Amino acid sequence: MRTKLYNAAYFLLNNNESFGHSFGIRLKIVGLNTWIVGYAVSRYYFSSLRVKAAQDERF
Amino acid sequence: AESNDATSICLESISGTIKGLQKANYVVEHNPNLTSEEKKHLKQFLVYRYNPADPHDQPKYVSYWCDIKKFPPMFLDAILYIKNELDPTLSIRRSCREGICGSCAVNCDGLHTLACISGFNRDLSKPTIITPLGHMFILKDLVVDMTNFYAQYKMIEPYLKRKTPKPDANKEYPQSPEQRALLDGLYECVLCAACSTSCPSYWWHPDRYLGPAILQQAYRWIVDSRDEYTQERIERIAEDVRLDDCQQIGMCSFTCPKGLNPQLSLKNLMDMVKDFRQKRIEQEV
Amino acid sequence: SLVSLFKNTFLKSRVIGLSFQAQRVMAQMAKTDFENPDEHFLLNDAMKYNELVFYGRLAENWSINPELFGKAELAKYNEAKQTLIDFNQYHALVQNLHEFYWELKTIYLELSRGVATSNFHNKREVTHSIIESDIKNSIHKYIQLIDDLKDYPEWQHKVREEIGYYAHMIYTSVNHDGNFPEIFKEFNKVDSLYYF
Amino acid sequence: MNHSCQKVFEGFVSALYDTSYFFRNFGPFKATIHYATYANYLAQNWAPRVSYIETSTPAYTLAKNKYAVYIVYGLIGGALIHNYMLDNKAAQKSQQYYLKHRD
Amino acid sequence: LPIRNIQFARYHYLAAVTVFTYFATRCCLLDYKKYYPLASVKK
Amino acid sequence: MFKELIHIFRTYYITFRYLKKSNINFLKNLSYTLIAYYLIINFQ
Amino acid sequence: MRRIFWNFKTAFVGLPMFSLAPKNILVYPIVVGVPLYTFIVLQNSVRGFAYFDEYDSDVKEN
Amino acid sequence: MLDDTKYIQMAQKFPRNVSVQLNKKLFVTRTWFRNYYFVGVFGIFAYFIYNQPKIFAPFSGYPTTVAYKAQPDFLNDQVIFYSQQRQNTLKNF
Amino acid sequence: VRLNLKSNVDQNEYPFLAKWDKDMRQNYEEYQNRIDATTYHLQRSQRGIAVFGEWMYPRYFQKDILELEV
Amino acid sequence: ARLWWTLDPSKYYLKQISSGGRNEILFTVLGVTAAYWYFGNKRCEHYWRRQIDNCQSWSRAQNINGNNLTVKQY
């Protein structure tokens, strides 16, 4: 059975003010949350790094 | 006999996606034997064409050059001129011709609307693109599958239910002109599904979240004074994300060709649902 | 027997209190759909639903000491125990129907991910035999359930409206060629007409 | 997929389902899961709290339900302050003890 | 309808969120090893 | 907050649709327990 | 062969996204962190950004 | 009051011998989708909560340490070690 | 202290001692820069105010102290 | 978009027990007792300490096998 397909609306709909206005607030909140979580993850990541070792040192 | 094909499918999918991105908006001229001097006097219509019945056919725009001085200035009129004169194999739904049935709802040059009561850019330079509704399965050309929409409409019980018998059976359910103006501007929906097909939430959750049109019909049946299943309808629509998924984009109201306000109806429905949830606790005590 | 007295008092109190609520809990479960029959209890208000679920097993299993029970008290306790057993059976039935619904929804989700726009890596033009057979068997089982639910019109109507929605979506998700008539032979009898 | 791999996959999924069903429905395991589920429900939905819906008239509401927040705040503050004072007293006692022991 | 100690509940939730974010992000407790090259010296 | 996060993930990610409300509630309970443990331990 | 129909310059997903997303994602981050980050950094340095050298940096071996 | 007559009827009267066979493959697929979205998504958060305190407060996880003193052994070209148990504590604030 | 990188030990008579001194002097500059950075961070965090500082300086900056010791 | 942020408690967890308000005082007493015990132990361990460094504080080292630890000058 040949599966049916569709054309995504957002790929063929002219840009409208409503989309921009709503997605602006959505992206503001998303950016706030992502920035907080990314700051936490960055603090976790950098603090996990090892200490600098000598030159040409084994173990 | 068959065997695992995950690798072949993945490679084919990636390659096809890349090639489609490179060759997006694939266009085929209906009549390549046209001079540019002649094309100067004719407007260009890029009509989406696709025949899943034929295994050899794939989606594609077809470019038709037509004289706009031969038919009335409407998308449906142009489509029917193209069908009757150029290629009668084109498919499209049309019943009323005057924007009442709502069958001709298509993506008329980037905006969902009825093709019978929508004009097109008279300028001969800018082409006009005609495609079916976006997030609806395409059956053929400009025909989509609205069966899911019809089932969602069925799921709301759109019929007057009354728990109190009529006092005399020789009269009509009383309803004041104010209670009728309450329904005025709300029962005119023709179920053309443009607002639902433009609603972002409906794109993401076609099934779990009911369309703005269906929710507006539910709001109409709720605000109707004659019906008595107000709380019952509110509770039924308050399930899961049937209404909660709506994010108040307003594109439904913006696109509604009839001038209705499904956004306002949804806002009122949300207010009533919140009040119902609060008073289910406040009242019963 | 102080320990026996305390045990019997606890059992009586809990069993009777939850028997007085089993009607409401079962009504809410019936009102809710099969995707998450306990959705209302999990999200809005847990109307002794977890209490009923927990104490049904205790009512079924834990013994009784009639000498610590009265006549009307013993009769009421027996009635509450029967009510709790009925609630347990109802919950089992609802769970079975919910799991069948989620099987059909899993099939539908598998189809949807195939046609998802973001699916730039697993785009398949032709449906495969494994999923075709899964759809056929699932539809056969759904038809069998509909037949078995002939004596309960409300249950049959709810089962249709809830489960068959995804069957209709699967029907719409594919073209009408290949093995489609054989796959949806049973569905086309009645179920297809309903979802139009 | 290949039919042989289909046989293998069907056997594997059937084994997984049977194992899960047996582990969940086994007598002792079933009882453990049931009691643990009710216990988790009690812990999550009936944890100690300071704010609750008051559905009783001032005549039918106890004074404990009106002064519980104040009692809890007093207990916590007194515990913290007493611990701080005990820390100071222990510091002083240790200092004096070791000073008198030597230097 | 009345909620006992609703203001206390709001303040407790706000304090819990503030403390959780404080400990998770260590926003107040930054690192200045990066600033050390860009600082003067005494003695 | 947690409800909003789960709602966004469910509405945007197709694969997340598999999880039930029961599974979402179990994740909620685990997250609350972990947050309480974090708050308690940070002061220890 | 996947054929995609998409208005790159006019559809909501495209150049409008490029113009919209960067200025909206960074609304709270900038306006909040920059003042808050500046406050956190500067409150330490009431007197100055002086590194009190606990080690003899000015001393070099003969 | 809500007109819950049909739901009350359904609750009172339900079949007690009807059951549906479940596709083991699909049930396993859904359960492992849940397991995937549990491990690969929630384990990040759980491990963060579990370990970040251990990264920013390591001294509380290692209570006791050892210290060594060495003396030479010339006639045998050996090194003699004397150990000592100490309470792991901060040093050089 | 800016120690020189040329060890003053006699390699002919004390080879291991000379090698140890040479390696120590070679890595001393880098490790001293790291130690100075860590100490500066610690002292500034201590100079911080209230929750941003002194109130929880010794007990919560444990990884920094461990890194300094290492 | 829809505004959803709020500090108000959810009605799902605001229920009371049958006998009155939730068990707050009892759990507060238990927590106070636990905190008292924990902080008392911590204070007792922390404050009564001294570091004695002398010959008697050192003992002969040994491997995990129990033998004395000696390293050759290889």
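Going in written order, the chains are labelled A, B, C, D, E, F, G, H, I and J, and every chain counts its residues from 1.
One rule holds for everything that comes next: a residue touches a chain if its C-beta (ideal position, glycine included) is under 8 Å from a C-beta of that chain, and two chains touch if they have at least 3 such contacts.
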item: Graph separation of chain F and chain G (steps between touching chains); value: 2
item: Chain whose averaged C-alpha position falls nearest the assembly-wide average; value: F
item: Comparison of A-E and F-H by number of C-beta pairs in contact, larger one; value: F-H
item: Farthest chain relative to chain D (centres taken as mean CA coordinates); value: B
item: Centroid spacing, where centroids are CA-atom means, of chain C and chain D in whole angstrom; value: 31
item: Cα-centroid distance, chain D relative to chain H, in whole angstrom; value: 16
item: Euclidean distance of C-alpha centroids - chain E vs chain G, Å; value: 19
item: Length of the line joining the C-alpha centres of chain A and chain I, rounded to whole Å; value: 38
item: Touching two or more other chains - residue numbers and ranges from chain C; value: 31, 35-36, 39, 43-46, 102, 106, 120, 123-124, 172-173, 175, 177
item: Residues of chain H whose C-beta touches two or more other chains; value: 25, 27, 29-30, 48, 52, 55-56, 60
item: Residues of chain B engaged with two or more neighbouring chains; value: 2, 13, 16-17, 48, 52, 59, 110, 129, 131, 137, 145, 235, 247-248, 281
item: Chain C partner contacts - residues on chain F that touch it in the complex; value: 14-15, 17-18, 20-22, 25
item: Partner chain A, residues of chain E touching it in the complex; value: 21, 24-27, 31
item: Interface residues, chain I side, partner chain E - complex; value: 36-38, 40-41, 44-45, 48, 51-53, 56, 60-61
item: Touch list for chain C against partner chain J, complex; value: 43-46
item: Residues of chain F that touch chain B when the two form their complex; value: 7, 11-12
